[PDB]
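Engineer: Contents of final.cif (mmCIF, C-alpha atoms and all ligand atoms):
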data_coords
loop_
_atom_site.label_atom_id
_atom_site.label_comp_id
_atom_site.auth_asym_id
_atom_site.auth_seq_id
_atom_site.Cartn_x
_atom_site.Cartn_y
_atom_site.Cartn_z
CA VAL S 1 -20.39 -50.64 -182.45
CA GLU S 2 -21.42 -49.91 -186.06
CA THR S 3 -22.03 -52.70 -188.58
CA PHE S 4 -21.47 -52.14 -192.33
CA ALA S 5 -21.95 -54.29 -195.42
CA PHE S 6 -18.97 -54.76 -197.74
CA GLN S 7 -19.50 -53.48 -201.28
CA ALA S 8 -20.93 -56.47 -203.23
CA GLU S 9 -17.77 -57.15 -205.24
CA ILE S 10 -15.61 -57.21 -202.12
CA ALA S 11 -18.02 -59.61 -200.41
CA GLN S 12 -17.80 -61.87 -203.51
CA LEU S 13 -14.02 -61.65 -203.50
CA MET S 14 -13.92 -62.56 -199.84
CA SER S 15 -16.13 -65.65 -200.27
CA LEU S 16 -13.92 -66.87 -203.09
CA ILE S 17 -10.81 -66.40 -200.95
CA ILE S 18 -12.43 -67.93 -197.89
CA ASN S 19 -13.43 -71.08 -199.67
CA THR S 20 -10.46 -71.66 -202.02
CA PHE S 21 -7.96 -74.46 -201.72
CA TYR S 22 -5.31 -72.17 -203.33
CA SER S 23 -2.04 -73.67 -202.11
CA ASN S 24 0.42 -70.75 -201.96
CA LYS S 25 -1.31 -69.19 -198.95
CA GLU S 26 1.93 -67.65 -197.61
CA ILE S 27 1.48 -64.64 -199.95
CA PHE S 28 -0.80 -63.14 -197.31
CA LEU S 29 2.26 -62.05 -195.29
CA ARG S 30 3.89 -60.47 -198.28
CA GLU S 31 0.74 -58.44 -198.92
CA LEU S 32 0.38 -57.19 -195.33
CA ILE S 33 4.07 -56.23 -195.05
CA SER S 34 3.82 -54.46 -198.43
CA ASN S 35 0.75 -52.52 -197.15
CA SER S 36 2.72 -51.60 -193.96
CA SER S 37 5.71 -50.43 -196.04
CA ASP S 38 3.38 -48.23 -198.11
CA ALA S 39 1.90 -46.71 -194.92
CA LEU S 40 5.39 -46.00 -193.52
CA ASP S 41 6.48 -44.41 -196.83
CA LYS S 42 3.44 -42.14 -196.56
CA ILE S 43 4.06 -40.82 -193.05
CA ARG S 44 7.78 -40.49 -193.82
CA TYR S 45 7.25 -38.32 -196.92
CA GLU S 46 4.69 -36.10 -195.15
CA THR S 47 7.18 -35.55 -192.37
CA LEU S 48 9.64 -34.00 -194.79
CA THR S 49 7.36 -30.94 -195.10
CA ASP S 50 5.93 -31.12 -191.56
CA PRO S 51 8.14 -32.69 -188.84
CA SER S 52 5.33 -32.52 -186.28
CA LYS S 53 3.74 -35.50 -188.05
CA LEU S 54 6.16 -37.72 -186.11
CA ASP S 55 5.19 -36.22 -182.75
CA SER S 56 3.06 -39.37 -182.40
CA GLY S 57 6.15 -41.57 -182.89
CA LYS S 58 9.48 -41.30 -184.67
CA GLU S 59 10.25 -45.01 -185.14
CA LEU S 60 9.31 -46.47 -188.55
CA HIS S 61 9.09 -50.24 -188.41
CA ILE S 62 7.15 -53.45 -188.78
CA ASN S 63 6.90 -56.06 -186.02
CA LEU S 64 5.58 -59.66 -186.47
CA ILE S 65 4.16 -61.19 -183.27
CA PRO S 66 2.98 -64.82 -183.34
CA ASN S 67 1.05 -66.04 -180.31
CA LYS S 68 0.58 -69.81 -180.17
CA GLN S 69 -1.59 -69.65 -177.07
CA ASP S 70 -4.13 -67.26 -178.67
CA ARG S 71 -3.63 -68.69 -182.21
CA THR S 72 -3.01 -65.19 -183.58
CA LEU S 73 -0.39 -63.65 -185.81
CA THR S 74 -0.16 -59.85 -185.36
CA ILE S 75 1.52 -57.49 -187.88
CA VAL S 76 2.19 -54.05 -186.38
CA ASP S 77 3.50 -51.02 -188.22
CA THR S 78 4.02 -47.39 -187.22
CA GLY S 79 2.95 -45.96 -190.58
CA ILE S 80 0.40 -43.22 -191.30
CA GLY S 81 -2.56 -45.25 -190.07
CA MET S 82 -6.21 -44.88 -191.04
CA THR S 83 -8.98 -42.49 -190.06
CA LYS S 84 -12.44 -43.96 -189.39
CA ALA S 85 -13.43 -42.83 -192.91
CA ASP S 86 -10.33 -44.48 -194.41
CA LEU S 87 -11.16 -47.78 -192.63
CA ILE S 88 -14.70 -47.82 -193.94
CA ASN S 89 -13.83 -46.80 -197.46
CA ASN S 90 -10.53 -48.62 -197.98
CA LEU S 91 -11.37 -51.99 -196.41
CA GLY S 92 -15.13 -51.89 -197.10
CA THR S 93 -15.22 -50.95 -200.82
CA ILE S 94 -13.49 -51.43 -204.22
CA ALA S 95 -12.14 -47.92 -203.66
CA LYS S 96 -9.02 -47.44 -205.83
CA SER S 97 -8.43 -51.13 -206.60
CA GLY S 98 -8.71 -53.20 -209.74
CA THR S 99 -11.22 -55.51 -208.02
CA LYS S 100 -13.56 -55.85 -211.04
CA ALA S 101 -10.76 -56.86 -213.43
CA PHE S 102 -9.50 -59.27 -210.82
CA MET S 103 -13.00 -60.80 -210.43
CA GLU S 104 -13.14 -61.04 -214.22
CA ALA S 105 -9.65 -62.64 -214.41
CA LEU S 106 -10.94 -66.12 -213.59
CA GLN S 107 -10.66 -66.44 -217.35
CA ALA S 108 -7.56 -64.36 -218.10
CA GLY S 109 -4.88 -66.88 -217.12
CA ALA S 110 -4.09 -66.22 -213.46
CA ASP S 111 -6.00 -67.74 -210.51
CA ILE S 112 -5.98 -66.33 -206.99
CA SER S 113 -2.23 -65.61 -207.40
CA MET S 114 -2.10 -62.02 -208.70
CA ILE S 115 -4.24 -60.45 -205.94
CA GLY S 116 -1.58 -57.96 -204.85
CA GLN S 117 -1.11 -56.50 -208.34
CA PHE S 118 -4.83 -55.63 -208.39
CA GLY S 119 -4.66 -53.53 -205.20
CA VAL S 120 -6.68 -56.01 -203.07
CA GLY S 121 -3.77 -57.80 -201.34
CA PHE S 122 -5.26 -57.15 -197.89
CA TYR S 123 -7.98 -59.72 -198.41
CA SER S 124 -5.48 -62.54 -198.86
CA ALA S 125 -5.44 -62.49 -195.05
CA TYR S 126 -8.61 -64.62 -195.37
CA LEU S 127 -6.57 -67.49 -196.87
CA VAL S 128 -5.21 -68.10 -193.34
CA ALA S 129 -7.51 -66.25 -190.94
CA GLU S 130 -11.11 -66.94 -189.87
CA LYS S 131 -11.30 -63.39 -188.55
CA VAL S 132 -9.18 -60.27 -188.95
CA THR S 133 -9.09 -57.33 -186.57
CA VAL S 134 -7.41 -54.06 -187.62
CA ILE S 135 -6.57 -51.53 -184.88
CA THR S 136 -5.52 -48.16 -186.25
CA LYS S 137 -4.51 -44.62 -185.23
CA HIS S 138 -4.04 -41.83 -187.73
CA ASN S 139 -2.74 -38.36 -186.66
CA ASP S 140 -6.10 -36.87 -187.76
CA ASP S 141 -8.49 -39.13 -185.79
CA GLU S 142 -9.03 -41.32 -182.74
CA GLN S 143 -8.04 -44.99 -182.51
CA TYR S 144 -10.51 -47.43 -184.07
CA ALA S 145 -10.86 -51.21 -184.33
CA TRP S 146 -12.30 -52.70 -187.56
CA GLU S 147 -13.11 -56.40 -187.64
CA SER S 148 -14.64 -59.00 -189.88
CA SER S 149 -15.06 -62.79 -190.15
CA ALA S 150 -16.34 -62.22 -193.69
CA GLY S 151 -19.92 -63.38 -194.29
CA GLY S 152 -20.65 -60.00 -195.87
CA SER S 153 -20.28 -57.48 -193.07
CA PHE S 154 -17.70 -55.80 -190.86
CA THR S 155 -17.81 -53.66 -187.70
CA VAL S 156 -16.08 -50.48 -186.68
CA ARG S 157 -15.84 -49.24 -183.07
CA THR S 158 -13.78 -46.75 -181.10
CA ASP S 159 -10.85 -48.63 -179.57
CA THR S 160 -10.21 -47.84 -175.91
CA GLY S 161 -7.50 -50.52 -175.64
CA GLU S 162 -3.74 -49.91 -175.45
CA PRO S 163 -2.97 -46.61 -177.29
CA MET S 164 -0.63 -47.06 -180.22
CA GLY S 165 0.43 -43.49 -180.95
CA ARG S 166 0.16 -43.91 -184.71
CA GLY S 167 0.08 -46.88 -187.06
CA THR S 168 -1.85 -50.01 -187.80
CA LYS S 169 -2.00 -53.40 -186.17
CA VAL S 170 -3.55 -56.34 -188.09
CA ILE S 171 -4.48 -59.29 -185.93
CA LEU S 172 -5.05 -62.53 -187.82
CA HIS S 173 -7.16 -65.01 -185.85
CA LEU S 174 -5.84 -68.11 -187.62
CA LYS S 175 -7.80 -71.02 -189.03
CA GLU S 176 -7.14 -74.20 -187.05
CA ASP S 177 -5.20 -75.79 -189.88
CA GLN S 178 -2.99 -72.76 -190.63
CA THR S 179 -0.96 -72.65 -187.42
CA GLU S 180 2.29 -73.15 -189.40
CA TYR S 181 2.26 -69.36 -189.62
CA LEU S 182 2.92 -69.14 -185.89
CA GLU S 183 6.18 -71.12 -186.27
CA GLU S 184 9.37 -69.05 -186.16
CA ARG S 185 11.05 -71.11 -188.91
CA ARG S 186 8.11 -70.68 -191.27
CA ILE S 187 7.76 -66.94 -190.64
CA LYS S 188 11.48 -66.44 -191.27
CA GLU S 189 11.43 -68.32 -194.58
CA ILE S 190 8.40 -66.36 -195.91
CA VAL S 191 9.89 -63.00 -195.00
CA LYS S 192 13.17 -63.94 -196.64
CA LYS S 193 11.47 -65.17 -199.82
CA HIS S 194 8.94 -62.39 -200.32
CA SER S 195 9.78 -59.37 -198.16
CA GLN S 196 13.62 -59.33 -197.71
CA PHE S 197 13.99 -56.00 -199.57
CA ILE S 198 11.39 -53.97 -197.71
CA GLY S 199 12.91 -50.58 -196.73
CA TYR S 200 12.04 -50.79 -193.00
CA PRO S 201 13.12 -53.11 -190.20
CA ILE S 202 10.89 -56.23 -189.93
CA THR S 203 11.38 -57.75 -186.53
CA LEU S 204 10.02 -61.15 -185.54
CA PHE S 205 9.17 -61.42 -181.84
CA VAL S 206 10.23 -64.84 -180.59
CA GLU S 207 7.83 -66.42 -178.11
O1 LIG S 301 -2.98 -47.91 -192.08
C1 LIG S 301 -2.62 -47.68 -193.23
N1 LIG S 301 -2.50 -46.43 -193.84
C2 LIG S 301 -2.08 -46.63 -195.15
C3 LIG S 301 -1.79 -45.70 -196.12
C4 LIG S 301 -1.36 -46.20 -197.33
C5 LIG S 301 -1.23 -47.56 -197.55
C6 LIG S 301 -1.52 -48.49 -196.57
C7 LIG S 301 -1.95 -47.98 -195.37
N2 LIG S 301 -2.31 -48.62 -194.18
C8 LIG S 301 -2.39 -50.04 -194.03
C9 LIG S 301 -3.33 -50.80 -194.70
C10 LIG S 301 -3.30 -52.17 -194.55
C11 LIG S 301 -2.35 -52.77 -193.74
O2 LIG S 301 -2.32 -54.17 -193.67
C12 LIG S 301 -1.40 -52.02 -193.05
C13 LIG S 301 -1.48 -50.65 -193.19
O3 LIG S 301 -0.57 -49.83 -192.55
#
Could I get this file's structure written as structure tokens?
Structural biologist:
Amino acid sequence: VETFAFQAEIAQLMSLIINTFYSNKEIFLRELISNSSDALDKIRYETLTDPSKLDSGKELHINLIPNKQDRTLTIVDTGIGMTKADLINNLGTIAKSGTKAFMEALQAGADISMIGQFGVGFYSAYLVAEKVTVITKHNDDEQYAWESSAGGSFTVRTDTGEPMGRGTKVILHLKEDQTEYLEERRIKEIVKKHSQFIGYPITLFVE
């Protein structure tokens, strides 16, 4: 198990998110589904020039799996996935995002609301989760599990668990007061309101 520090600005962004009373928390699901769609688009385009890219799995979809017993909501996609390097760089640093302008924008006009337009939508997961685990398999690497309960650091380790072929699974370990996101009716309404036009099947697994 390797432990890494988040880039300073990401750590600051996470604390803000972690501690906010921002009301419209449901946007977290929109952001994760939008990230999954992007990942699926990526593997799908690459497969136009090289069909063998789908040897790890031909299905392109997104599944939502609430688990009331474990208090987890899991978002699984079969997109392009992430290499170890991608995990460390993309979830650990500002990378390609507009993080700095977002951090500045506490004086522009928008609050916590425009996160997704600044390329940092992923972190909205911390509005509802005390901890996030990301399990991922990219065609070019082994399967890895990234995890963080914020606080400034994250871990990365080889994942020997159930093989996924290719894709990314985000497991949200929900805060005790955010269990509404495990309710079928709530999940349905959020998908309909924010993600209805996503170009891949989004399937809710009923408990
Ligand atoms: O695993 C991934 N590879 C990607 C490539 C491009 C965009 C998003 C990508 N993702 C990705 C990132 C965050 C998620 O919540 C889900 C994902 O599938």
Engineer: Which residues, written as a ChimeraX atom specification, have at least one atom at most 8 Å from residue 67 (chain S), with only C-alpha atoms counted and residues fewer than 3 positions away on the same chain left out?
Structural biologist: /S:70-73,182,207
Engineer: Give the answer as one residue: which of S:45, S:197, S:22, S:4 has the shortest atom-to-atom distance to ligand LIG 301 (chain S), using only C-alpha atoms and all ligand atoms?
Structural biologist: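 Under the stated criterion, the closest residue is S:45.
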Engineer: I'd like to know which of S:101, S:156, S:54, S:132 is closest to ligand LIG 301 (chain S), using only C-alpha atoms and all ligand atoms.
Structural biologist: S:132
Engineer: Could the residues of chain S that have an atom at most 8 Å from ligand LIG 301 (chain S) be listed as JSON lines, each with its closest atom pair and the distance in Å to one decimal, counting all atoms listed in the file and ordered by chain and ascending residue number?
Structural biologist:
{"residue": "S:31", "atom": "CA", "partner": "S:LIG301", "partner_atom": "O2", "distance": 7.4}
{"residue": "S:32", "atom": "CA", "partner": "S:LIG301", "partner_atom": "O2", "distance": 4.4}
{"residue": "S:33", "atom": "CA", "partner": "S:LIG301", "partner_atom": "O2", "distance": 6.9}
{"residue": "S:34", "atom": "CA", "partner": "S:LIG301", "partner_atom": "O2", "distance": 7.8}
{"residue": "S:35", "atom": "CA", "partner": "S:LIG301", "partner_atom": "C11", "distance": 4.6}
{"residue": "S:36", "atom": "CA", "partner": "S:LIG301", "partner_atom": "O3", "distance": 4.0}
{"residue": "S:37", "atom": "CA", "partner": "S:LIG301", "partner_atom": "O3", "distance": 7.2}
{"residue": "S:38", "atom": "CA", "partner": "S:LIG301", "partner_atom": "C5", "distance": 4.7}
{"residue": "S:39", "atom": "CA", "partner": "S:LIG301", "partner_atom": "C2", "distance": 4.0}
{"residue": "S:40", "atom": "CA", "partner": "S:LIG301", "partner_atom": "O3", "distance": 7.2}
{"residue": "S:42", "atom": "CA", "partner": "S:LIG301", "partner_atom": "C4", "distance": 6.3}
{"residue": "S:75", "atom": "CA", "partner": "S:LIG301", "partner_atom": "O2", "distance": 7.7}
{"residue": "S:76", "atom": "CA", "partner": "S:LIG301", "partner_atom": "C12", "distance": 7.8}
{"residue": "S:77", "atom": "CA", "partner": "S:LIG301", "partner_atom": "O3", "distance": 6.1}
{"residue": "S:78", "atom": "CA", "partner": "S:LIG301", "partner_atom": "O3", "distance": 7.4}
{"residue": "S:79", "atom": "CA", "partner": "S:LIG301", "partner_atom": "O3", "distance": 5.6}
{"residue": "S:80", "atom": "CA", "partner": "S:LIG301", "partner_atom": "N1", "distance": 5.0}
{"residue": "S:81", "atom": "CA", "partner": "S:LIG301", "partner_atom": "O1", "distance": 3.4}
{"residue": "S:82", "atom": "CA", "partner": "S:LIG301", "partner_atom": "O1", "distance": 4.5}
{"residue": "S:122", "atom": "CA", "partner": "S:LIG301", "partner_atom": "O2", "distance": 5.9}
{"residue": "S:134", "atom": "CA", "partner": "S:LIG301", "partner_atom": "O2", "distance": 7.9}
{"residue": "S:136", "atom": "CA", "partner": "S:LIG301", "partner_atom": "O1", "distance": 6.4}
{"residue": "S:137", "atom": "CA", "partner": "S:LIG301", "partner_atom": "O1", "distance": 7.8}
{"residue": "S:138", "atom": "CA", "partner": "S:LIG301", "partner_atom": "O1", "distance": 7.6}
{"residue": "S:167", "atom": "CA", "partner": "S:LIG301", "partner_atom": "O1", "distance": 6.0}
{"residue": "S:168", "atom": "CA", "partner": "S:LIG301", "partner_atom": "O1", "distance": 4.9}
{"residue": "S:169", "atom": "CA", "partner": "S:LIG301", "partner_atom": "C12", "distance": 7.0}
{"residue": "S:170", "atom": "CA", "partner": "S:LIG301", "partner_atom": "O2", "distance": 6.1}
Engineer: Calculated over all atoms listed in the file, which of the candidates S:145, S:60, S:27, S:48 has the smallest distance to residue 117 (chain S)?
Structural biologist: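 Closest to residue 117 (chain S), using all atoms listed in the file: S:27.
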Engineer: If you measure from CA of residue 187 (chain S) to CA of residue 41 (chain S), what distance in Å do you get, rounded to one decimal?
Structural biologist: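 Straight-line distance from CA of residue 187 (chain S) to CA of residue 41 (chain S) works out to 23.4 Å.
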Engineer: As a PyMOL selection string, please: the residues near residue 92 (chain S) (cut-off 9 Å, all atoms listed in the file, same-chain neighbours under 2 positions excluded).
Structural biologist: chain S and resi 4-7+10-11+87-90+94-95+153-154
Engineer: Considering all atoms listed in the file, return as an MDAnalysis selection string whatever protein or nucleic-acid residues lie within 9 Å of residue 17 (chain S), sequence-local ones (same chain, fewer than 2 positions apart) excluded.
Structural biologist: chainID S and resid 12:15 19:22 112 123:127
Engineer: Could you check which of S:29, S:106, S:135, S:172 is closest to residue 68 (chain S), using all atoms listed in the file?
Structural biologist: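 With all atoms listed in the file as the atom set, the closest residue is S:172.
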Engineer: What is the distance between CA of residue 83 (chain S) and CA of residue 141 (chain S), in Å to one decimal?
Structural biologist: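 Between CA of residue 83 (chain S) and CA of residue 141 (chain S) the gap is 5.5 Å.
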Engineer: Here is a test: counting all atoms listed in the file, which residue of S:44, S:26, S:86, S:103 is nearest to residue 189 (chain S)?
Structural biologist: S:26
Engineer: In Å, rounded to a single decimal, give me how far CA of residue 23 (chain S) is from CA of residue 8 (chain S).
Structural biologist: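 Going from CA of residue 8 (chain S) over to CA of residue 23 (chain S) covers 25.6 Å.
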Engineer: List the spatial neighbours of residue 188 (chain S) as an MDAnalysis selection string - criterion: any atom at most 9 Å away, only C-alpha atoms, same-chain residues fewer than 5 positions off excluded.
Structural biologist: chainID S and resid 183 193 204
Engineer: Can you list, as a list in words, every protein, DNA or RNA residue that comes within 8 Å of region 157-159 of chain S when you count all atoms listed in the file, leaving out same-chain residues fewer than 6 positions away?
Structural biologist: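 Counting all atoms listed in the file, the residues come to residues 1, 2, 135, 142, 143, 144, 145 and 146 of chain S.
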Engineer: Convert the current residue selection to file output with C-alpha atoms, as a PDB file, keeping the file's coordinate frame.
Structural biologist:
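Output file again24.pdb is given in full below:
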ATOM      1  CA  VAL S   1     -20.390 -50.640-182.450  1.00  0.00           C
ATOM      2  CA  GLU S   2     -21.420 -49.910-186.060  1.00  0.00           C
ATOM      3  CA  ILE S 135      -6.570 -51.530-184.880  1.00  0.00           C
ATOM      4  CA  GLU S 142      -9.030 -41.320-182.740  1.00  0.00           C
ATOM      5  CA  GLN S 143      -8.040 -44.990-182.510  1.00  0.00           C
ATOM      6  CA  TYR S 144     -10.510 -47.430-184.070  1.00  0.00           C
ATOM      7  CA  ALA S 145     -10.860 -51.210-184.330  1.00  0.00           C
ATOM      8  CA  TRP S 146     -12.300 -52.700-187.560  1.00  0.00           C
TER       9      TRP S 146
END
